[PDB]
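For reference, the chain that follows is the form deposited in one PDB entry, supplied as structure tokens.
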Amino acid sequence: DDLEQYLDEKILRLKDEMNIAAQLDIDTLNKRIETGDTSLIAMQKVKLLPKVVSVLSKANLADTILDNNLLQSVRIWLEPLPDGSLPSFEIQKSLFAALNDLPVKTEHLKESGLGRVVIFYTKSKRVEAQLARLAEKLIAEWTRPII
């Protein structure tokens, strides 16, 4: 309960770091676009990805991850930009593999916005089939009646 506050703060700091990385990468992309300089490339998310995968993979962190809406930040990494473009394949595959192991429920999808993003992955022509089908399996599962 102070052990539980320490876990919360640790997940909340990752949540912030993920959002800062995503915003930095968007700034870089916009600059690469404005200037046409292809030596500018967004790297903040990929540098942070190993930590995100590590944390998301820890069984005893599931409750803290789910209770602190870390899936919101996961959703921000996955979500399409307004032109419809997606993060790299490596980010998609790493995040979806990590989500495959988390006990996600409808309430988390609603609160994080992840539900509508995972649905988008089931439909977008830009997504590799293996990930589109995994997205379709996960959404069915996460929203299942619960016998």
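Just so we're on the same page, rigid core means the largest C-alpha set that superposes within 1.5 Å between forms. Numbers follow the displayed sequence, beginning with 1.
Undergrad: Looking only at CA atoms, which has the higher mean B factor in the entry: 119-127 or 17-25?
TA: Going by the record's values, the stretch with the higher mean is 119-127.
Undergrad: Averaging the C-alpha B factors as listed in the entry, name the stretch that ends up higher: 31-39 or 74-82.
TA: It is 31-39.
Undergrad: For the listed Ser94, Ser88, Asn60, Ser112, which has the peak Cα B-factor recorded in the PDB entry?
TA: Across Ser94, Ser88, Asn60, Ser112, the entry lists the biggest C-alpha B-factor for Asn60.
Undergrad: Against its chain's modelled residues, does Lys105's Cα B factor rank lowest, middle or highest third?
TA: Tercile = highest for this residue's CA B-factor.
Undergrad: Determine, from the deposited record, the chain-internal third of the Cα B-factor for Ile139: lowest, middle or highest.
TA: Middle third by C-alpha B-factor.
A second form of this protein, the form solved in complex with a partner chain, is not displayed here; the remarks below concern that form.
Undergrad: Can you pick the one in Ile41, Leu81, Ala59, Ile26 that has a heavy atom within 4.5 Å of the partner chain in the deposited complex?
TA: Looking at the other structure, the residue within range turns out to be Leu81.
Undergrad: Looking at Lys31, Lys110, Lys47, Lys93, which has any heavy atom no more than 4.5 Å from the partner chain in the deposited complex?
TA: Only one listed residue qualifies here, and that residue is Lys110.
Undergrad: Please name which of the stretches 94-102, 48-56, 61-69, 113-121 has residues with heavy atoms lying within 4.5 Å of the partner chain in the deposited complex.
TA: Residues of 113-121 come within 4.5 Å of the partner.
Undergrad: Using a 4.5 angstroms cut-off on non-hydrogen atoms, would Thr143 count as touching the partner chain in the deposited complex?
TA: Output for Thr143 is yes: heavy atoms within 4.5 Å of the partner chain.
Undergrad: Do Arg126 and the partner chain share at least one heavy atom pair within 4.5 Å in the deposited complex?
TA: Contact with the partner chain, yes.
Undergrad: Using 4.5 Å between non-hydrogen atoms, is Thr106 touching the partner chain in the deposited complex?
TA: Contact check for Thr106: yes, within 4.5 Å of the partner chain in the deposited complex.
Undergrad: Although the partner isn't part of this model, could you tell me whether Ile11 comes within 4.5 Å of the partner chain in the deposited complex, counting any heavy atom of the residue?
TA: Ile11 lies outside the contact set for the partner chain.
Undergrad: Hey, after the core superposition between the shown form and the other one, which of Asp101, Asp63, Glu111, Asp37 has the C-alpha moving 2 angstroms or more?
TA: Shifted by 2 Å or more: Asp37 only.
Undergrad: Is there a C-alpha shift of 2 Å or more at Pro50 between the shown form and the other one once the rigid core is superposed?
TA: No; that C-alpha moves by less than 2 Å between the shown form and the other one.
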